[PDB]
Amino acid sequence: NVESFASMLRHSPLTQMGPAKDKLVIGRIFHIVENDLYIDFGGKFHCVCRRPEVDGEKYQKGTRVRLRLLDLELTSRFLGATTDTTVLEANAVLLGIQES
Amino acid sequence: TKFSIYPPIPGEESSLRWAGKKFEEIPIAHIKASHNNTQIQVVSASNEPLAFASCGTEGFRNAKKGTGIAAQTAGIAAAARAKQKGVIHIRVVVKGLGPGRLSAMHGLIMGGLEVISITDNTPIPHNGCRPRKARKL
Amino acid sequence: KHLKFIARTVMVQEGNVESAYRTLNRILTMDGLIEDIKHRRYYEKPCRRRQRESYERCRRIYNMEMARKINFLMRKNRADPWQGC
Amino acid sequence: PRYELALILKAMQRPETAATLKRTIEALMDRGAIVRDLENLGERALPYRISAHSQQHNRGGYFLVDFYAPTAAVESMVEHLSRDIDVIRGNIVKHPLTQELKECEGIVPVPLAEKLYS
Amino acid sequence: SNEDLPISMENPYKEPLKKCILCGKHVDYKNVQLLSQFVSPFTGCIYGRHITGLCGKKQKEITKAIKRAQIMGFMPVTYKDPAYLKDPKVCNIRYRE
Ligand code: FES
């Protein structure tokens, strides 16, 4: 008796999230390049958010933050492009640090 | 107060005044800016001509009439002649896209007149008569 | 026949005649009246007018698509996060 | 069918306007129209100067005569409104209430690229 | 064969189409106040759909109503009626300064 893939997909938190628009998620800053923070939130792609002007130094690698998701994958189809063009990153708004 | 670019509506009493006169009574400076000439005429609110000027009347002739300086001179002369009759504030009604379209107004400013409103009355035919064929140049 | 000093009329604010004239010119340009007069100076033959309108529509569509593409791609215009690789 | 006559009448005294309205409705009835209703939108300045019967008008009274009439009557009615003097202007339209509102569900989007080749 | 398999149905999360502001409302030529909202205050030019944000059907209806009102003495042609200069601004255009 082993759980099937269908059951895992049905009960996955990402599946329960429904649409990713304006959803509240908890992400982790796994990389910092100057004032750009790369946050993984359990999705396929991370998201790049600018360091906030207030308490910016309080954000470091591993800091847990709250994000308002706009889209898991940023894709667009241009004129004559047979396939969608993606930037391999998500679109989210950095609300701020999350405290347990 | 809050300034509104929209002109005051005739028949409605507005607080705006100029020399104790209402907007409906301010004299009218008609400007026509052709490509070869520019004409300026001040009239009263009752359509009484008070002053007239043009590039040709100011001595400029042929191509020299098309310059903006000629329109500025015409505006200066028209403003002087109107001010001789007591004109102080004017409502500018400009038509045509001649080079002097703006310069004439400057002349009026240089002439001593005060412009309180700028109106465009360029004759734009809503698909009227057929204009001449394009120049083969 | 219409009432006068309503259409294409701008009130001069504190004697700033130049600013009022600029606003009036911008209003006419936004409404396309200036271009209308310029095109109506000489007759534009119907085939020429149709060609020009089609070209303008195609140019606007292409410009909008290119602007969208540039805005989409400029999101990646940031510091290299994996320098040295 | 159901027609609506938009009638701009010369700004006159109330008895004159009553006489003009009665005459116009009488003409409509003579041509065969069953007048459903008569409305008044008030007396107001015209949006532009209108010249009619060698006279220029700046103000007028607005009325709407809703009625039913045989089609062949409508043209005749127009002619009558042309020959009346107190009528600044008169236009008979198909009644808008006979034009049902086929509900729009929304604006269906279309990709912009195809517009170049389509 | 198993309950966990996905089922076929219309997208339940599908948000409704953003109907035009006049959708479901009867545009009339006698309603000069509504019609004037879509014309240029300084020239009376009818605004395009990219300015009014109206759907094609409603844009055509507004245009036809405006033309009918203009030709039937209900609406000024060369300018917006000054009595309606303070109506709610629905068109996406900015003129002054
Ligand atoms: S969006 Fe449906 S009627 Fe315009």
# chains A, B, ... in the order shown; residues from 1 in each chain; ligands from 1
>>> residues_near_ligand(ligand="ligand 1", cutoff="9 Å", atoms="only C-alpha atoms and all ligand atoms", output="list in words")
residues 102, 103, 104, 105, 106, 107 and 108 of chain D; 17, 18, 19, 20, 21, 22, 23, 24, 25, 54, 55, 56, 57, 58 and 59 of chain E
>>> write_last_selection(atoms="C-alpha atoms", output="mmCIF file, in the first residue's frame")
data_model
loop_
_atom_site.group_PDB
_atom_site.id
_atom_site.type_symbol
_atom_site.label_atom_id
_atom_site.label_comp_id
_atom_site.auth_asym_id
_atom_site.auth_seq_id
_atom_site.Cartn_x
_atom_site.Cartn_y
_atom_site.Cartn_z
ATOM 1 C CA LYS D 102 -29.070 41.491 -26.745
ATOM 2 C CA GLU D 103 -26.867 41.205 -23.677
ATOM 3 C CA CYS D 104 -23.113 41.352 -24.185
ATOM 4 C CA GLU D 105 -21.233 38.905 -21.980
ATOM 5 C CA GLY D 106 -18.021 40.929 -22.112
ATOM 6 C CA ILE D 107 -14.998 41.802 -24.221
ATOM 7 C CA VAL D 108 -13.391 38.650 -25.631
ATOM 8 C CA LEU E 17 -14.995 39.027 -18.074
ATOM 9 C CA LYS E 18 -14.505 42.724 -17.335
ATOM 10 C CA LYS E 19 -17.679 44.035 -18.937
ATOM 11 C CA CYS E 20 -17.612 47.523 -20.405
ATOM 12 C CA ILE E 21 -19.056 50.183 -18.122
ATOM 13 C CA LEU E 22 -22.138 50.524 -20.344
ATOM 14 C CA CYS E 23 -22.709 46.798 -20.892
ATOM 15 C CA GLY E 24 -26.272 45.825 -20.075
ATOM 16 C CA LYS E 25 -27.369 49.475 -20.151
ATOM 17 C CA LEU E 54 -15.795 50.494 -24.497
ATOM 18 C CA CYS E 55 -16.581 47.225 -26.215
ATOM 19 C CA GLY E 56 -17.066 47.272 -29.968
ATOM 20 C CA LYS E 57 -20.847 46.972 -29.821
ATOM 21 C CA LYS E 58 -21.200 49.715 -27.220
ATOM 22 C CA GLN E 59 -18.656 51.910 -29.008
#
>>> residues_around(residues="range 32-39 of chain B", least_positions_apart="4", cutoff="7 Å", atoms="only C-alpha atoms", output="ChimeraX atom specification")
/B:53-55,63,65-66,71,94-101
>>> closest_atom_pairs(of="chain C", to="chain A", cutoff="12 Å", atoms="only C-alpha atoms", output="Markdown table")
| residue | atom | partner | partner_atom | distance |
| --- | --- | --- | --- | --- |
| C:61 | CA | A:79 | CA | 9.8 |
| C:62 | CA | A:79 | CA | 8.2 |
| C:63 | CA | A:79 | CA | 10.9 |
| C:64 | CA | A:79 | CA | 10.4 |
| C:65 | CA | A:79 | CA | 6.9 |
| C:66 | CA | A:78 | CA | 8.3 |
| C:67 | CA | A:78 | CA | 10.6 |
| C:68 | CA | A:78 | CA | 8.4 |
| C:69 | CA | A:78 | CA | 6.8 |
| C:70 | CA | A:78 | CA | 10.5 |
| C:71 | CA | A:76 | CA | 11.0 |
| C:72 | CA | A:76 | CA | 7.8 |
| C:73 | CA | A:87 | CA | 7.4 |
| C:74 | CA | A:87 | CA | 9.8 |
| C:75 | CA | A:87 | CA | 8.0 |
| C:76 | CA | A:87 | CA | 7.2 |
| C:77 | CA | A:87 | CA | 10.9 |
| C:78 | CA | A:36 | CA | 8.5 |
| C:79 | CA | A:33 | CA | 7.1 |
| C:80 | CA | A:33 | CA | 7.9 |
| C:81 | CA | A:33 | CA | 5.9 |
| C:82 | CA | A:33 | CA | 9.0 |
| C:83 | CA | A:33 | CA | 10.2 |
>>> closest_atom_pairs(of="chain D", to="chain C", cutoff="9 Å", atoms="only C-alpha atoms", output="CSV")
residue,atom,partner,partner_atom,distance
D:47,CA,C:2,CA,6.9
D:48,CA,C:2,CA,4.4
D:49,CA,C:1,CA,5.1
D:50,CA,C:1,CA,7.7
D:112,CA,C:61,CA,7.3
D:113,CA,C:65,CA,7.8
D:115,CA,C:61,CA,7.9
D:116,CA,C:58,CA,6.0
>>> write_last_selection(atoms="C-alpha atoms", output="PDB file, in the first residue's frame")
ATOM      1  CA  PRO D  47     -27.145  73.175 -29.269  1.00  0.00           C
ATOM      2  CA  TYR D  48     -26.681  75.308 -32.387  1.00  0.00           C
ATOM      3  CA  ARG D  49     -28.576  78.010 -34.232  1.00  0.00           C
ATOM      4  CA  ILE D  50     -31.284  76.542 -36.463  1.00  0.00           C
ATOM      5  CA  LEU D 112      -2.358  41.350 -31.211  1.00  0.00           C
ATOM      6  CA  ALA D 113       0.162  39.608 -33.490  1.00  0.00           C
ATOM      7  CA  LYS D 115      -3.745  41.755 -36.462  1.00  0.00           C
ATOM      8  CA  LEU D 116      -0.618  42.362 -38.555  1.00  0.00           C
TER       9      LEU D 116
END
>>> interface_residues(of="chain E", to="chain C", cutoff="12 Å", atoms="only C-alpha atoms", output="list in words")
residues 39, 40, 41, 42, 43, 44, 45, 46, 47, 48, 51, 70, 73, 75, 76, 77, 78, 79, 80, 81, 82, 83, 85, 93, 94, 95, 96 and 97 of chain E
>>> select_by_dssp(residues="chain C", states="strand (DSSP E or B)", output="list in words")
residues 2, 9, 10, 11 and 43 of chain C
>>> closest_atom_pairs(of="chain A", to="chain E", cutoff="7 Å", atoms="only C-alpha atoms", output="tab-separated table")
residue	atom	partner	partner_atom	distance
A:6	CA	E:4	CA	5.5
A:7	CA	E:4	CA	5.4
A:10	CA	E:4	CA	6.6
>>> write_last_selection(atoms="N, CA and C atoms", output="compact mmCIF listing (two decimals), in the first residue's frame")
# COMPACT_ATOMS: atom_id res chain seq x y z
N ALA A 6 -1.38 10.33 -8.26
CA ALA A 6 -2.59 11.13 -8.33
C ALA A 6 -2.97 11.67 -6.96
N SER A 7 -2.87 10.83 -5.93
CA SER A 7 -3.19 11.28 -4.58
C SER A 7 -2.24 12.37 -4.12
N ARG A 10 -3.19 15.53 -5.82
CA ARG A 10 -4.45 16.06 -5.30
C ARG A 10 -4.24 16.75 -3.96
>>> residues_around(residues="residue 9 in chain D", least_positions_apart="2", cutoff="6 Å", atoms="only C-alpha atoms", output="JSON list (two decimals) with N, CA, C and O atoms, in the first residue's frame")
[["chain", "number", "residue", "atom", "x", "y", "z"],
["D", 60, "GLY", "N", -35.75, 76.33, -28.01],
["D", 60, "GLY", "CA", -36.89, 75.56, -28.47],
["D", 60, "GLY", "C", -37.36, 74.59, -27.41],
["D", 60, "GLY", "O", -36.64, 74.27, -26.46],
["D", 61, "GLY", "N", -38.60, 74.14, -27.59],
["D", 61, "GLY", "CA", -39.20, 73.17, -26.68],
["D", 61, "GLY", "C", -39.10, 71.77, -27.27],
["D", 61, "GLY", "O", -39.36, 71.57, -28.46],
["D", 86, "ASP", "N", -44.41, 76.34, -36.88],
["D", 86, "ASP", "CA", -44.01, 76.32, -35.48],
["D", 86, "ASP", "C", -42.99, 75.23, -35.18],
["D", 86, "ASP", "O", -42.44, 75.21, -34.07],
["D", 87, "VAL", "N", -42.73, 74.33, -36.12],
["D", 87, "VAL", "CA", -41.80, 73.23, -35.91],
["D", 87, "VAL", "C", -40.41, 73.70, -36.32],
["D", 87, "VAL", "O", -40.12, 73.88, -37.50],
["D", 88, "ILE", "N", -39.54, 73.90, -35.33],
["D", 88, "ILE", "CA", -38.14, 74.17, -35.63],
["D", 88, "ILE", "C", -37.52, 72.96, -36.32],
["D", 88, "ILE", "O", -36.81, 73.10, -37.32]]
